[PDB]
Structures are given as C-alpha cells and as structure tokens.
Amino acid sequence: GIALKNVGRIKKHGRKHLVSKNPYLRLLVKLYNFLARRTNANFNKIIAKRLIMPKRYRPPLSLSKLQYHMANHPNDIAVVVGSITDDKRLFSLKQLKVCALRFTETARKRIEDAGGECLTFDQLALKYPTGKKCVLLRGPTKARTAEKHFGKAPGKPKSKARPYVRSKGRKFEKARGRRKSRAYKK
Amino acid sequence: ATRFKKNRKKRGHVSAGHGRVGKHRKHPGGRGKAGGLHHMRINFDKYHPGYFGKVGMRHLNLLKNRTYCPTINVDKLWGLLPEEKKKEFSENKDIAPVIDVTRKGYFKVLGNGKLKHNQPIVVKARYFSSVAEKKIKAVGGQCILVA
Amino acid sequence: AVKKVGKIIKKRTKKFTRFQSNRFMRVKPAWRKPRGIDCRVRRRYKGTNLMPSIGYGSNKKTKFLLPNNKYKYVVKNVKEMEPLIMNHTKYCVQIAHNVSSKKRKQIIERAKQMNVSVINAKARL
Amino acid sequence: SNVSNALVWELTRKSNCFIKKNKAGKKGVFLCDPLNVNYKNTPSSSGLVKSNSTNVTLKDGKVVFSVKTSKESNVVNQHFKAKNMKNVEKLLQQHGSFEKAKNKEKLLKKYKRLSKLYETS
Amino acid sequence: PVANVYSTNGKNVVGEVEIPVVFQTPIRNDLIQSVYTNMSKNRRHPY
Amino acid sequence: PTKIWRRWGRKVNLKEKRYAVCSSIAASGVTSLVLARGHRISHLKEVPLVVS
Amino acid sequence: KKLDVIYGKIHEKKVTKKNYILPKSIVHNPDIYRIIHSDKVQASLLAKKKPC
RNA sequence: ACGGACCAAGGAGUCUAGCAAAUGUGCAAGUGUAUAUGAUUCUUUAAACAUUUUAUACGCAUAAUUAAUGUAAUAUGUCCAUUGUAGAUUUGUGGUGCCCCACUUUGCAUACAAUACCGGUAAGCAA
RNA sequence: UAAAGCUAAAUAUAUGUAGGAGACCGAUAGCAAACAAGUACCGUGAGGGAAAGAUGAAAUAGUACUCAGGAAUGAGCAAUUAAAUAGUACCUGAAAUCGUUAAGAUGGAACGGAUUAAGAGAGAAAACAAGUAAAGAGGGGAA
Ligand SMILES: [Mg+2]
Ligand SMILES: [Mg+2]
Ligand SMILES: [Mg+2]
Ligand SMILES: [Mg+2]
Ligand SMILES: [Mg+2]
Ligand SMILES: [Mg+2]
Ligand SMILES: [Mg+2]
Ligand SMILES: [Mg+2]
Ligand SMILES: [Mg+2]
Ligand SMILES: [Mg+2]
Ligand SMILES: [Mg+2]
Ligand SMILES: [Mg+2]
Ligand SMILES: [Mg+2]
Ligand SMILES: [Mg+2]
Ligand SMILES: [Mg+2]
Ligand SMILES: [Mg+2]
C-alpha cells in the first residue's frame, strides 16, 4: 500500500470536447487547436478554449457597449466569441472592425452603413495569425435571470435572491416573514 | 424515449436505487402540501418566507380594462424613427418630428435615459411623468396631451 | 494457466462459470455478477469461483488473430470479397452459414485465384 | 465557398453507402468507393474527398481504368478500357501526370493482381 | 456560375441558367436529422 | 394500460423548418454527397441537372 | 427559375416568402488546410518539436 | 431466524399535467403564425405548403414599488455612456530562454467597496 | 322594460347499423368468447362463469392384399405419397421425468476452485517444400 490522495491520479475540473455537432464549428475547433499548438501565443489558446464553452458562457454583446469598449482603440479589431446585437438607444455609430461568431441582421446593417466591416474567425486566422492589434472582449455572463435565484436562500438574513412564485401581488407571499407586523421580517 | 431512461441502468440490482434500509414506501410524509407549519416548517421558512397570513384590502369586482397602461422610456424615443428619417433631422435645424406614441400601443411616457443635446422633439401621449416632461422641455421640445 | 504458441499469449483458457450453476439446473452457466449480502464469491473467499477482471486482457498487437495469425472476414457473395486483393497476407475469409452450394463453389474458386485462404472450405461437399 | 474537401470528410465519415465493417473478427473497416485505390477509410484515400484520382476496377467481367480529375466542381469522370500492361502504362502517362511514382507503381501492381481473375461463360 | 440545360433526347444543350443563391446555404446534417425526427411523428395513428 | 392521450405529435419552429429545407436543397447540388446516398450517377454530366 | 423568385432575389407578389431572409454561415471559407499552408500563417509557425 | 420439491412460459419506476436545473438548436429587444382561413392540398395526405391585397388578436419578456388614491429610475452641462483596488487582451523599451521577467499603454468578465437616482416608512418644514 | 309563448345553424355522441384505416396484439397475447361462447358447469336465489386453432399441393390419394391372434393389435416377399419417425391424440417437437446399450466410479452425502497426469473422441485454417521439366483435361485476356 501507499498513502496518496485520489491515489496517484490528477484531477481536472472542466469541459474537454465539443458537445455540438455543427460541422463548421468542428472545422473551426480543429483550426484553432492547430494554431494554439504550433504557435503557443496565449491569444489562440484562449480562443480555442472559449469556442468550446456552453451557450450560457457565450452571452451577446450590444452595439453600444462594443463602441464604448473601443473608444480609446481606433483602427483596432474587436474579437468576440458570441453574437452582437442592435441597440435602439444609440443615436449614431462610428466606424468599427469586428470579428464575431454571429451578427443579427439589424446590427450587421448598421455596422456596414457606417463604413465598418464584419469578420468571421476563419478570416481572422488568415490575417492576424497571432492576434496583433486585436482586443478580446466578453459580454455580461451573470446577467441571466436564472442567476437571480442562486446564492443564499431567500429567507436567510439580508439575502437578495428571487423566490419561485405563481404570480405577483399582495396575496402572493408578502405576509409572515417579510414584514415586522406579522411576526418578523426576513 | 425509454431507450435513455435511468432505470435501465439498475435492472440487475435488487433495490432499484432506493436503498435496503429505507425503502420506497408510498407517501411517507403526507400528501401534497400536508405537513407545512408542523414538520415541513423549515423548508417553508427558508424557501418561501412570507407564505402564511393575509394583508391588504379587498377589491370585489376588478375589471382590469380600466387601468391598462403600457409605458415607454425616453431612451427608446428616437429609435422609433427609421435611420434615414433619423438622419435628416440632424442636418436641418428648422424642423422637428411630431410623434404619437398611442399609435404604437404605448400610453404613458416615462423618463429614464438621455436625449440628444439641442435636438427638439414633440410628443403626444395620454400620461407623462415629471422627469420625462422636464427632459423633453430641456432639449427644446413640447409635450401634448391627447385622449 | 498461461498458453503461448509463437508471439500470441493467452492469459487463461477456462471459462468463468456462474456461481451455483452446477447445483441448480434453472441456473445457466453464463456469467452474471453476484450481488447481495453474504455471497462468499463477491467477498473473494478462497476456494470458490473466480471473478473476471480487466487484468486478463490481451496484447493490443495480437488481440484478434487466429492461430493462422490472420484476421477473419466473413463474406456473403462474390462482390463483398473484392477489397481483399490489396491486403491478402493479413486476412482470411469464412463463408456465411446461409449461402447455397452453387454460390459457395464460385466463392471458393475465386478465393483460390486471389491467393487468400478459406477457413471452412470443406462444407456442403 | 459553402463546401470544401475537409467539409466532405466531416459529412461522410460515418454515414455512407460504401462503408463496410466486420462484426465478427472485430478488426478493420473498408471503403469501397469506385475511386479508392486502397480500401482505407481515410480522407487521403477516398475518392469522395479527393479532387483528383485514378483507379482500376472490374465493374463487369472485364477491367476498367478510371480518372476523376475534377478541377473546379466541373467533375469529369472518364472511363477507359484497360487491355494489357502496356496500354495501362500509356494511360498513366496520358491522364495521371498529377500523381507520384510511388502511387503509379502501386496502381501497376494492383492491375497485375486483377489480371488473374476469371469465371465461366 | 451557370448550368447547362439538356434537351429531352439527352444529347443537345439548349441553354444555360445562373445558379440560384439558395444553393449556397451551409449544409447542416445534424440540424436536418434533428428536425426530421420531430416532423415524422405527426402522421402517426393512435393505439 | 396504453392511453389515447399519449402525445403523438410535435410542433416545430417555422424558421427551423425553412432552414432545413434550404440546407437540404443545397446538399442536392454536391456530386460526392449524392453518390454517398446510394444513387448510381457515375455517367451523369452535371449533378444539378436541369432539363428543358 | 422559380427558385429565385420564391426566396426573394427577385420580388413578386404572392410568390415570395414574406420577410424571409436566407440563412448565413459562421464560416466564410471552410477550407482549413488552404489557410494553414498560406505564407503568412507558415511564417508564424514554430519549429517542429520532438516526442519522448 | 423466515421463503425455496422440480421444469417451462408470464412477471414489477411507466403515462399525462404543471415547475425548475443542465445541455443541443433557431432567431434576438423581441420571440411564439393561437382558434381559424387559402391553395392547380387530396391512395399515401389525419402529412406537407401558405398568411388577409409609418401594418394595434393573445401569451411570456422589455420596470419597479405600495394596503391603497397612485407615483415611477444620473440630467442638458455632453451621441455621452458614475468612482476606486486587483485583473484577461493590446501598445512601446530593456533581460534571461513565441514564453517568462522590470518598467510603459489600455482596462473585458468578475470579486470587494463607494456614490447618485426610483417606490414605501420615519424625522424636519409645510398652501 | 320582470311576473305568457315559439324558433334553423355553428356543438356532443364508452349505444345500434354500415364503410375505411393503423411505427397496435399474435392463441397463458388480443374482447370473457379466432371453435354448436354468455355456451358446458355451479348456486333455493340475487348471481358466478371456463377449457378448447394448424395432416397433406391433392383424400376426386385417409392406408388395398397376405400371415399370426377369440379380439385388440403386431409383422411383411405386400401398399398411397416427394415424404408416413406427415396415419387423423396427425407442422416443428425444448426442459423437468423415465427406458435401452456401452464406458467409468463406489469404507457414515454429493457437486466444486488451483494444478497436473492417464485414457477416449474429433482435427490440418501456421503446425515443411515456392519453383523447374514432361504430359492430359479445362477457363480467360489481347493482336
Ligand atoms: Mg498497488
Ligand atoms: Mg451497488
Ligand atoms: Mg427491499
Ligand atoms: Mg478464452
Ligand atoms: Mg454483512
Ligand atoms: Mg418474518
Ligand atoms: Mg417451506
Ligand atoms: Mg434551456
Ligand atoms: Mg399568465
Ligand atoms: Mg417627487
Ligand atoms: Mg397661500
Ligand atoms: Mg320572453
Ligand atoms: Mg383491423
Ligand atoms: Mg384467450
Ligand atoms: Mg407445412
Ligand atoms: Mg454401512
């Protein structure tokens, strides 16, 4: 015998392969695995990892937030591993160069009308092999509604979690345990 | 599909996954929402705090059509126009648009966001909030009440 | 008991019979894993039936070879045995059970022309 | 621009009318497509994946010489009638310039093996 | 990118047509399979 | 005992049905794919194959 | 020829699908190995390394 | 301690409603063509196809809070997009072997805090 | 605009009768009932309620003749059929249980795991010989 933990074997804690079956995505995975291996650049490793993640870890990015992130980076390229969407709250748009996995129709029209362009990842592999003058960006990953129920249970003192309820009103879970007048508040 | 069900994995084992000592008996704690306030109290208290008791006034015959009122913020107010029509109002300084939000299904104009500086606009609606009305007056516009 | 002829090594030759299959005739000899408290075969008492395990596995380099030292491919008609003209020194053919005598004669006389061996070229004659 | 050789490998690795595998005698799997010199199931030997190829088969009683030479999706299957070794050597010169010698002598040996098969009437 | 038009005797070529742009849709076998195994349930009969 | 209110059918998104039809027409225009479905078209001239 | 009027390249009343857009791809050119063999990419690769 | 004289066939976590988490797919500030109607749909077809010749059926989402009358998210000096610490990626020099360091540039996601504003309640003043 | 009245269509249909169909069951299944089935049978009565399909293409081929025997039945030098070890208890014909012959073992249970030995049955696909010369029978491809 011998006194090891998890005997002599090393633990890893994440996703290892694609689950999706889109042939084009499989070709992309092959390409960026090759690029990551043969030029250890830390730019292609991260991209090779990000396009393996599940849907909830590839959130969309709005046009306005993308323009805000690129304000001090003229004539550079923004790289997103998600979709980018339109934003009616903006009045005007600048000229931008953006590579993303998907664009919506309105966002694609607005970008090209200002003189910009939209890129796929196989073109970025051909023009910026090691990511020179490229900026990696992510969207908000904890803005989903499901994350509002996680954390401390609703009922523990000073929590912020939403409850699961049929509907909302004065008759739906507002009496005992949420006000001092019925025996205690939270 | 019955092909991928978890029970097919336990087909040779004795207890079907429910244990030797504590079996799978039928309703060993009650039916439905039975034991709350007595022996299900902790689950109720930590997952649904304000469940017991009543509060407020009764409304005997509601008729919800009397208080229907969808809203729109001043953020989304220039976005209702098409981009080409949005464009010419920037160059020309002598003309402003007049927008009737009740033709789009909105009833009350609400005041979150920012309007473009020195870009006048005229808005029609049934209700306005104070902040929204001030923000419309600031860039050189006017609010009009309809019915 | 280890058996070895050339480079092929077999780590055991006897079957793993089912526990209690020699005493009760409603119990068939095909191996089933013993479950259930107090077995003496599940608990590895000495003197009873052994259990199979991955340790008896065969060498990857010699895992499917026959004593002929070739792999076996089963054919049903003439057109199926044409991929063997490129790899004739590593494969041997065997004719399926449900083909008629007339079909068998042709399969055999083509295998002879291709210089591939036939495992059961004596049936229905 | 929506298709390439690597995408044809992805689409036809598993589902196909030409794959044959052996359930008894677990080793091996064969591709019988008409333009596959060997019978390997690899992207580098299947006629469906490759743009240009040559092969010799039988296809009815006699022996046939085949060329694919599909440059720009203008796929042009040509079919000839192999007659003897010298004619096949001429045909390799005429239509198989894109190949290497190591491939040419492989095809020549294959043809030699095929020229010993026959039946009755 | 065009295509020839063949006559009904299989020998003459009597025209050419520009290939429609629907032929440039990405070819997705996983999506086709998944969509097909739901639409094929709709013609079944009860028992 | 089996029942008649087993859910016999499915409802499919309209956009996905249209996507599938479109991506299926495109596969009809690739020579290698038609060959790999079992059609004996070795002697054909063009795979889109328009006729008068 | 009807296949261009149905999908909106040419517009026509009561034949074209209303407001339907033809799907796009997440890849521009799926030929990966033509990209890998380009001079730009090859100039960034690193010397081949040895196994153990 | 209980069941088992023997053999063959049969024999036990399933179906529907409603909710959630995980994952795959489509589109995206929207999304889902309900009941119906149409068609040169009609063995199959009880399937498939279509949508009424500056465009208000309905659900969920896009805004909260209060018993309630109700009220409703920086603010017009600038289409700008609140503040700090750590932090992925990028920019310019030098060190040892594209990598890691010492400065320089930019500052995603997120963690910890600060500040402003909206609904209810106290306090102060109140036509 | 109460304390009088009539009135089609769009809706339902575990009944009766007819028609069409299925990713349904296949004689311990499917209706209780694929057959003279709500039948045979049980209860004073209200009621309860089964088991049981298949020779062969053709019996317009269902077993003629002889011998033994009181008879059943058996046997044949004799007989239908492609077939009778398909003979009406008739397609195929498993296991439990029993008969016959052969070969072994056997001092108050039997069978088993490991390892060898002595007998017995079966076996050539690696468990030797390409090619060379002569003659005999065949089958193909080119010019
Ligand atoms: Mg050990
Ligand atoms: Mg267990
Ligand atoms: Mg138990
Ligand atoms: Mg073995
Ligand atoms: Mg124990
Ligand atoms: Mg007991
Ligand atoms: Mg007993
Ligand atoms: Mg989900
Ligand atoms: Mg609702
Ligand atoms: Mg106020
Ligand atoms: Mg006063
Ligand atoms: Mg009346
Ligand atoms: Mg029927
Ligand atoms: Mg019955
Ligand atoms: Mg029969
Ligand atoms: Mg004695």
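To find a chain, count down the sequence lines: A is the first, B the second, and so on, and within it residues start at 1. These values consider heavy atoms only, across backbone and side chains, with no hydrogens, waters or symmetry-generated copies.
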Atom pairs, protein N/O to nucleotides 141-143 of chain I N/O, distance under 3.5 Å:
| unit_1 | atom_1 | unit_2 | atom_2 | d |
| --- | --- | --- | --- | --- |
| I/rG141 | OP1 | D/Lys62 | NZ | 3.3 |

Strictly below 4.0 Å: does [X] bring a side-chain N or O up to OP1 or OP2 of [N]?
X        : N      : result
A/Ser92  : H/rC80 : no
B/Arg58  : H/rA68 : no
B/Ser129 : H/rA73 : yes
F/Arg18  : H/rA50 : yes
A/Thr130 : H/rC98 : yes
A/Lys65  : H/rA81 : no
F/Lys11  : H/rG32 : no
B/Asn112 : H/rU74 : yes
A/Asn44  : H/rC98 : no
F/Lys17  : H/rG26 : no
B/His117 : H/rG77 : yes

Next on the checklist: Could you check whether I/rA118 and I/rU100 make a Watson-Crick or G-U wobble pair, counting it only if both donor-acceptor distances come in under 3.5 Å?
Outcome noted: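 In fact, I/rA118 forms no Watson-Crick or wobble pair with I/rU100 that has both distances under 3.5 Å.
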Next on the checklist: Checking C/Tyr91 now: which residues fulfil ring-ring contact (aromatic ring centres under 6.0 Å, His included) with it, not counting sequence neighbours?
Outcome noted: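 Scan of C/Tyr91 (ring-ring contact (aromatic ring centres under 6.0 Å, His included), adjacent residues dropped) gives C/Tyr71, D/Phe30.
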Next on the checklist: According to ring-ring contact (aromatic ring centres under 6.0 Å, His included), who are the partners of A/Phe91, at least two apart in sequence or on a separate chain?
Outcome noted: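 Testing A/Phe91 for ring-ring contact (aromatic ring centres under 6.0 Å, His included), a comparison that skips the adjacent residues, returns B/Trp78.
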Remember a base hit wins even if backbone is also touched, and classify [X] as base, sugar-phosphate or nothing at under 4.0 Å, heavy atoms.
X        : answer
A/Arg179 : sugar-phosphate
A/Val79  : nothing
B/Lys10  : nothing
B/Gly111 : sugar-phosphate
B/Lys85  : nothing
C/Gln94  : nothing
B/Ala138 : sugar-phosphate
A/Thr39  : nothing
D/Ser121 : sugar-phosphate
C/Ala121 : nothing
A/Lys174 : sugar-phosphate
C/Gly6   : nothing
B/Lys86  : nothing
B/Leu115 : base

Can you build the contact string for [range]? Use B for base contact, S for sugar-phosphate-only contact, and - for no protein heavy atom under 4.0 Å.
range                          : value
nucleotides 19-25 of chain H   : -SSSSSB
nucleotides 122-130 of chain I : --SBB----
nucleotides 1-8 of chain H     : -----SS-

Item to check | Anti or syn - I/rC41, cut at 90° from 0 | outcome: anti
Next on the checklist: Just confirming the chi classification of H/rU35, syn or anti, using 90° around 0 as the syn window.
Outcome noted: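 For H/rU35, whose glycosidic angle is more than 90° from 0, the conformation is anti.
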Checklist entry - When Watson-Crick pairs (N1 to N3 and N6-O4 or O6-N4) and G-U wobble pairs (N1-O2 and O6-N3) count only below 3.5 Å on both distances, what is the dot-bracket string of RNA chain H, with | for other-strand pairs? => result .............................(((...(((..........)))......)))...((....))..........(((((.....((((....))))......))))).............
Donor-acceptor pair present, [X] side chain and [N] base, under 3.5 Å:
X        : N      : value
A/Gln67  : H/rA81 : yes
B/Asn73  : H/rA63 : yes
B/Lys114 : H/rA75 : no

For the side chain of [X], starting at C-beta, report the closest nucleotide among [options].
X        : options                  : answer
C/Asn22  : H/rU110, H/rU89, I/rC111 : I/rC111
A/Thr141 : H/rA72, H/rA81, H/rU110  : H/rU110
B/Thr2   : H/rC98, H/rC15, H/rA88   : H/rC15
A/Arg138 : H/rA109, H/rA64, H/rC27  : H/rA109
B/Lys135 : H/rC27, H/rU74, H/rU16   : H/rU74

Next on the checklist: Taking I/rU63 as the reference, what is the distance to I/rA89 when you measure between their P atoms (whole Å, please)?
Outcome noted: 14 Å
Checklist entry - Taking for each residue the nucleotide of RNA chain H bearing the nearest heavy atom, is the 5' side occupied by A/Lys142 or by A/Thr85? => result A/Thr85
Checklist entry - More 5' along RNA chain H: B/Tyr106 or B/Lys116, using each one's nearest nucleotide? => result B/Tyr106
Going by atom type alone, with no hydrogens or angles, which donor-acceptor pairs under 3.5 Å involve a side-chain atom of residues 69-90 of chain A and a protein atom two or more places apart or on another chain?
| unit_1 | atom_1 | unit_2 | atom_2 | d |
| --- | --- | --- | --- | --- |
| A/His73 | ND1 | A/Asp76 | OD2 | 3.0 |
| A/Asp86 | OD1 | A/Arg110 | NH1 | 3.4 |
| A/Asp87 | OD1 | A/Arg89 | N | 3.2 |
| A/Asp87 | OD1 | A/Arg89 | NE | 2.8 |
| A/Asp87 | OD1 | A/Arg89 | NH2 | 3.2 |
| A/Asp87 | OD2 | A/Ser64 | OG | 2.7 |
| A/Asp87 | OD2 | A/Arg89 | NH2 | 2.9 |
| A/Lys88 | NZ | B/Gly79 | O | 3.2 |

Checklist entry - Does anything in residues 38-47 of chain E reach RNA chain I, meaning a heavy atom under 4.0 Å, and if so which residues? => result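 Heavy-atom contacts with RNA chain I come from E/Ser40, E/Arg43, E/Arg44, E/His45, E/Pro46, E/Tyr47.
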Next on the checklist: Please list, in numerical order, the residues of residues 14-25 of chain G that have a heavy atom closer than 4.0 Å to any atom of RNA chain I.
Outcome noted: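 Contacting residues: none.
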Checklist entry - Taking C1'-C2'-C3'-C4' positive as north and negative as south, where does H/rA123 sit? => result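 Positive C1'-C2'-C3'-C4' torsion, north pucker.
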Item to check | Ring pucker hemisphere for H/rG92, per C1'-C2'-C3'-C4' torsion | outcome: north
Contact list (N/O, under 3.5 angstrom) for nucleotides 18-20 of chain I vs protein:
none

Item to check | Residues that D/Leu114 engages under side chain to side chain contact (heavy atoms under 4.5 Å, CB included), provided they are two or more places apart | outcome: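 Partners of D/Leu114 by the side chain to side chain contact (heavy atoms under 4.5 Å, CB included) criterion, ordered by chain and then number, come out as C/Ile85, D/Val56, D/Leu58, D/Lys110, D/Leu117.
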Next on the checklist: Both distances below 3.5 Å, Watson-Crick or wobble geometry, any strand: find the nucleotide opposite I/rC90.
Outcome noted: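 Answer to the pairing question: I/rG62, which forms a Watson-Crick or G-U pair with I/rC90.
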Checklist entry - Around C/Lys90, counting heavy atoms of other residues, nucleotides and ligands shown, do more than 12 lie under 6.0 Å from its NZ? => result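 Not buried by this count: 12 neighbours or fewer within 6.0 Å.
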Checklist entry - Is NZ or CZ of A/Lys168 both nearer than 6.0 Å to the six-membered ring centre of A/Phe172 and within 45° of the ring axis? => result no
